[PDB]
Amino acid sequence: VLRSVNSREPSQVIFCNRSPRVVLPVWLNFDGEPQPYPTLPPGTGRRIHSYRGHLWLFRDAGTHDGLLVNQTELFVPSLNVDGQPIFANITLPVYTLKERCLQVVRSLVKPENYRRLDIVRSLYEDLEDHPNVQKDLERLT
Amino acid sequence: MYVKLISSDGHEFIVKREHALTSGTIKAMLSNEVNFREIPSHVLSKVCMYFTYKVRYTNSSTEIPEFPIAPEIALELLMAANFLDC
Amino acid sequence: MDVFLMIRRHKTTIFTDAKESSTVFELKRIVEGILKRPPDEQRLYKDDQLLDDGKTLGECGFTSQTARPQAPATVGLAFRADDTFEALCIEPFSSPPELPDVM
Ligand SMILES: Cc1cc(CNC(=O)[C@@H]2C[C@@H](O)CN2C(=O)CC(C)(C)C)ccc1-c1cncs1
């Protein structure tokens with residue numbers, strides 16, 4: 001369902017990373033498979049060649065935390081008007097406090113030691129349930 | 001309009017009602033003071049700071065900064081956020 | 001430009017915002033509405049410094065980029081009990097435990 005259209009109509013795009021994270025851009029190819037591309041450091045940008053109707057989403061390259069692009073999940077390059085590239089503003093969402101706490105705990109404790117932490121059983125499963133591109137694609141679909 | 005959120009160690013935090021209603025748990029606890037017996041003040045102060053942060057940056061075009069959390073308070077803050085559903 | 005504050009006395013802590021251009025006296029009017037004590041029975045402090053009513057919060061060092069939503073600036077508060085003002089006193093928050101072995 002979520003797949004790039006094979007339009008063959010070039011569309012130049014500026015990936016603008018306005019987040020403090022290292023960004024992993026992911027191209028959903030014609031069979032709907034996530035295809036990773038080279039990372040962007042925090043605050044940097046790149047001019048990239050894509051195509052009209054192609055699907056892109058963006059993540060934290062280390063933890064796969066979800067990021068927004070122009071205030072949304074998905075970015076689809078549009079027609080270029082007067083030779084101007086499309087701007088893809090990559091930003092942090094407003095994470096829930098809970099998820100933000102899970103992010104920080106994950107980043108300090110190695111997966112092996114989640115069960116060693118002194119917390120209720122249900123938070124153990126919340127920690128192990130890492131952000132994942134395949135999982136989100138099943139949600140969106 | 002304001003409400004009082006009281007930590008386990010007696011600290012009384014006064015925040016706006018609409019900020020506090022971010023938490024569905026607090027909405028229920030109100031329906032104008034709320035005593036939290038498991039949340040110490042160093043956690044509850046951070047919870048209040050988050051409310052201000054969420055209300056400010058939700059549906060905002062201005063670049064959003066990371067919400068900071070110290071390593072020392074993360075576990076306790078996780079437990080509170082989980083309970084408060086925020 | 002909005003600034004974000006914690007107005008703190010004893011074990012009380014008010015979370016609110018104000019304009020950088022607003023006055024110390026106007027902040028006292030906000031406190032009055034919440035804690036039911038008029039401006040003349042209040043002293044506001046930045047750290048150990050007493051704040052003048054007619055000065056703006058910007059002049060007193062509360063700026064939008066330092067007094068942030070996620071990390072608000074502290075403004076000391078002291079009440080006048082009858083004739084004389086109490087000394088400024090802010091109870092500190094609780095201390096977090098030691099970082100567990102795994103963190
Ligand atoms: C290294 C790099 C190369 C390219 C080349 N362009 C592509 O691969 C485009 C992007 C996407 O629309 C698919 N694509 C294609 O040329 C079609 C295809 C992969 C040959 C089937 C585009 C972006 C990047 C990036 C550079 N930094 C972050 S992404």
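Here the Cβ is made from the backbone with ideal geometry for all residues, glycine too, and neighbour counts use every protein chain on show. Each value in this text was obtained by applying a stated rule to the coordinates, not by laboratory testing.
For this structure, a couple of remarks:
- The range A:57-141 shape via C-alpha gyration tensor axes, a/c threshold 1.5: prolate
- Site pair residue A:135 and residue C:89 shows an inter-label distance of 5.0 nm when each label is modelled 7 Å from Cα along Cα→Cβ.
- Distance histogram for the range A:2-91 (every C-alpha pair counted, 10 angstrom bins, percent rounded to whole numbers): 19, 54, 26, 2
- Residue-averaged 222 nm ellipticity for chain C, from DSSP H runs of 4+ at -39500 (n - 2.57), nearest 500: -3500 deg cm²/dmol
- Residue exposure sequence - A:116, A:8 - by fewest surrounding Cβ within 10 Å: A:8, A:116
- Ranked C:6, C:103, B:1, criterion: other C-beta atoms within 10 Å, fewest first: B:1, C:103, C:6
- Per-residue [θ]222 nm for chain A (sum of -39500 (n - 2.57) over DSSP H runs n ≥ 4, rounded to 500): -5500 deg cm²/dmol
- Counting, for every residue in B:61-68, the Cβ atoms of other protein chains within 10 Å of its Cβ and taking the mean gives 6.
- Mean projected area (nm²) of the alpha-carbon convex hull when chain B is viewed from all directions: 5.8 nm²
- Cross-link partners of residue C:28 among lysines (Cα-Cα below 20 Å; sequence separation of 8 or more within a chain): B:4, B:16, C:11, C:19, C:36, C:46, C:55
- Whole-angstrom gap from the range C:29-103 to the range B:1-47, using each part's C-alpha centre: 19 Å
- Within a Gaussian network of chain C (alpha carbon springs, distance under 10 Å), most fluctuating of C:38, C:92, C:72: C:92
- Legend: mean number of C-beta atoms from other chains within 10 angstrom of residue C-beta atoms, peptide B:78-84, equals 6.
- Sorted peptide list for B:74-80, A:134-140, criterion being average Cβ within 10 angstrom, highest first: B:74-80, A:134-140
- Put a plus charge on the Cβ of each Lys and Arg, a minus charge on the Cβ of each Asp and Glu, and nothing anywhere else: the dipole of the protein assembly as shown about its Cα centre is then about 680 debye.
- 3J(HN,Hα) couplings calculated from phi for the range A:62-70 with the Karplus curve 6.51 cos²θ - 1.76 cosθ + 1.60 (θ = phi - 60°) are, in sequence order, x, 10, 6, 4, x, 10, 9, 9, 6 Hz; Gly and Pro show x.
- Amide H within-cut-off set for residue B:23, under 5 Å, with H built and near neighbours excluded: none
- Sorted peptide list for B:48-57, A:119-128, criterion being average Cβ within 10 angstrom, highest first: B:48-57, A:119-128
- Fewest-first ranking of A:101, C:89, using other Cβ atoms within 10 Å as the exposure measure: C:89, A:101
- Inter-chain Cβ neighbour average for residues C:5-17, partner chain, 10 Å: 5
- Rounded to whole Hz, the Karplus (6.51, -1.76, 1.60) HN-Hα couplings of the range A:88-93, x for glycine and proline: 10, 6, 9, 9, 5, x
- Enclosed volume per residue, in Å³, of the convex hull spanned by Cα atoms of chain C: 117 Å³
- Solution diffusion estimate, µm²/s, Stokes-Einstein, the protein assembly as shown, Kirkwood Rh from C-alpha pairs, 4 °C, viscosity 1.567 mPa s: 58 µm²/s
- Residue-averaged [θ]222 nm for chain B, counting only DSSP H segments that reach four residues, each worth -39500 (n - 2.57): -13000 deg cm²/dmol
- For the range C:1-97, applying the loop criterion from DSSP together with a ceiling of 12 other beta carbons within 10 Å to the trypsin sites (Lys or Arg not before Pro) yields C:36, C:55.
- Sparsely packed loop sites in the range C:42-98 (the GluC sites (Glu not before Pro) outside DSSP H, G, I, E and B with at most 11 other Cβ atoms within 10 Å) comprise C:98.
- Global form of the range C:17-57, assessed from the alpha-carbon gyration tensor, a/c cut-off 1.5: oblate
- log₁₀ of I(q)/I(0) at q = 0.32 Å⁻¹ - the range B:39-79, Debye sum with one point per alpha carbon: -1.13
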